[PDB]
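Quick look at final17.cif (mmCIF, N, CA, C and O atoms):
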```cif
data_structure
#
loop_
_atom_site.group_PDB
_atom_site.id
_atom_site.type_symbol
_atom_site.label_atom_id
_atom_site.label_comp_id
_atom_site.auth_asym_id
_atom_site.auth_seq_id
_atom_site.Cartn_x
_atom_site.Cartn_y
_atom_site.Cartn_z
ATOM 1 N N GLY Q 1 13.192 34.723 -23.461
ATOM 2 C CA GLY Q 1 12.673 33.895 -22.397
ATOM 3 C C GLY Q 1 11.636 32.930 -22.925
ATOM 4 O O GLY Q 1 10.979 32.219 -22.168
ATOM 5 N N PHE Q 2 11.492 32.919 -24.228
ATOM 6 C CA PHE Q 2 10.558 32.071 -24.917
ATOM 7 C C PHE Q 2 11.332 31.091 -25.777
ATOM 8 O O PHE Q 2 12.342 31.449 -26.385
ATOM 9 N N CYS Q 3 10.890 29.877 -25.824
ATOM 10 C CA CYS Q 3 11.566 28.895 -26.623
ATOM 11 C C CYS Q 3 10.685 28.406 -27.746
ATOM 12 O O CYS Q 3 9.517 28.058 -27.545
ATOM 13 N N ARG Q 4 11.244 28.415 -28.916
ATOM 14 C CA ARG Q 4 10.603 27.938 -30.110
ATOM 15 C C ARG Q 4 11.451 26.809 -30.647
ATOM 16 O O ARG Q 4 12.677 26.863 -30.562
ATOM 17 N N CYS Q 5 10.845 25.786 -31.137
ATOM 18 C CA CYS Q 5 11.600 24.644 -31.531
ATOM 19 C C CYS Q 5 11.602 24.457 -33.027
ATOM 20 O O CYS Q 5 10.657 24.858 -33.724
ATOM 21 N N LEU Q 6 12.656 23.862 -33.525
ATOM 22 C CA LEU Q 6 12.794 23.646 -34.935
ATOM 23 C C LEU Q 6 13.363 22.282 -35.218
ATOM 24 O O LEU Q 6 14.061 21.695 -34.384
ATOM 25 N N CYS Q 7 13.063 21.785 -36.375
ATOM 26 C CA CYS Q 7 13.621 20.558 -36.839
ATOM 27 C C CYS Q 7 14.349 20.830 -38.128
ATOM 28 O O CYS Q 7 13.760 21.236 -39.128
ATOM 29 N N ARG Q 8 15.623 20.682 -38.074
ATOM 30 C CA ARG Q 8 16.486 20.970 -39.174
ATOM 31 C C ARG Q 8 17.026 19.654 -39.750
ATOM 32 O O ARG Q 8 17.907 19.036 -39.179
ATOM 33 N N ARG Q 9 16.393 19.197 -40.835
ATOM 34 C CA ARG Q 9 16.759 17.954 -41.558
ATOM 35 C C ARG Q 9 16.615 16.720 -40.626
ATOM 36 O O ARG Q 9 17.378 15.752 -40.692
ATOM 37 N N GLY Q 10 15.630 16.774 -39.762
ATOM 38 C CA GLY Q 10 15.391 15.701 -38.822
ATOM 39 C C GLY Q 10 15.996 15.992 -37.465
ATOM 40 O O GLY Q 10 15.644 15.360 -36.469
ATOM 41 N N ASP Q 11 16.891 16.949 -37.428
ATOM 42 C CA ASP Q 11 17.565 17.347 -36.204
ATOM 43 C C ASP Q 11 16.710 18.350 -35.456
ATOM 44 O O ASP Q 11 16.685 19.541 -35.785
ATOM 45 N N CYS Q 12 15.961 17.866 -34.506
ATOM 46 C CA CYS Q 12 15.099 18.710 -33.733
ATOM 47 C C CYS Q 12 15.797 19.216 -32.511
ATOM 48 O O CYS Q 12 16.502 18.471 -31.806
ATOM 49 N N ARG Q 13 15.631 20.477 -32.285
ATOM 50 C CA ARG Q 13 16.216 21.173 -31.160
ATOM 51 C C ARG Q 13 15.426 22.430 -30.910
ATOM 52 O O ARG Q 13 14.595 22.819 -31.744
ATOM 53 N N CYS Q 14 15.635 23.055 -29.792
ATOM 54 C CA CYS Q 14 14.902 24.249 -29.491
ATOM 55 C C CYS Q 14 15.820 25.440 -29.350
ATOM 56 O O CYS Q 14 16.980 25.301 -28.965
ATOM 57 N N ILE Q 15 15.323 26.593 -29.720
ATOM 58 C CA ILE Q 15 16.071 27.818 -29.589
ATOM 59 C C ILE Q 15 15.283 28.793 -28.709
ATOM 60 O O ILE Q 15 14.054 28.934 -28.858
ATOM 61 N N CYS Q 16 15.949 29.411 -27.775
ATOM 62 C CA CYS Q 16 15.290 30.299 -26.859
ATOM 63 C C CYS Q 16 15.755 31.723 -27.043
ATOM 64 O O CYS Q 16 16.937 31.985 -27.301
ATOM 65 N N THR Q 17 14.822 32.625 -26.942
ATOM 66 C CA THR Q 17 15.057 34.028 -27.042
ATOM 67 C C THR Q 17 13.915 34.742 -26.359
ATOM 68 O O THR Q 17 12.783 34.256 -26.375
ATOM 69 N N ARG Q 18 14.235 35.827 -25.673
ATOM 70 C CA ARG Q 18 13.271 36.660 -24.930
ATOM 71 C C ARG Q 18 12.701 35.908 -23.691
ATOM 72 O O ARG Q 18 11.877 36.424 -22.939
#
```

Render the structure in this file as C-alpha coordinates.
Amino acid sequence: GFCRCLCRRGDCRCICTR
(Lines of atoms letter the chains of each structure in order from A and count residues from 1; the text may use other names and numbers.)
(Lines give C-alpha, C1' and ligand atoms only; values in the text may rest on other atoms or scores of the structure.)
Protein backbone atom coordinates (compact mmCIF):
# COMPACT_ATOMS: atom_id res chain seq x y z
CA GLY A 1 0.00 0.00 0.00
CA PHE A 2 3.12 2.09 -0.16
CA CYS A 3 4.65 3.39 -3.32
CA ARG A 4 8.31 3.89 -3.88
CA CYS A 5 9.57 5.34 -7.07
CA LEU A 6 12.54 4.52 -9.20
CA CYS A 7 14.30 5.82 -12.21
CA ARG A 8 15.69 3.15 -14.39
CA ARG A 9 18.06 4.64 -17.04
CA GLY A 10 15.97 7.81 -17.10
CA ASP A 11 12.74 5.83 -17.09
CA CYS A 12 11.01 6.97 -13.97
CA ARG A 13 8.09 5.06 -12.66
CA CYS A 14 6.69 4.02 -9.35
CA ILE A 15 6.25 0.63 -7.80
CA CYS A 16 3.72 -0.06 -5.08
CA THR A 17 3.75 -2.70 -2.43
CA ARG A 18 2.09 -3.01 0.99

Which residues match the PyMOL selection byres ((chain Q and resi 1) around 5) in the file above, as a PyMOL selection string? chain Q and resi 2-3+17-18

For residue 4 of chain Q, list every protein, DNA or RNA residue within 4.5 Å, evaluated using all atoms listed in the file, and leave out those in the same chain fewer than 2 positions away; present the list as a list in words. residues 2, 6, 14 and 15 of chain Q

Residues of chain Q in strand (DSSP E) according to DSSP, as a ChimeraX atom specification? /Q:2-8,11-17
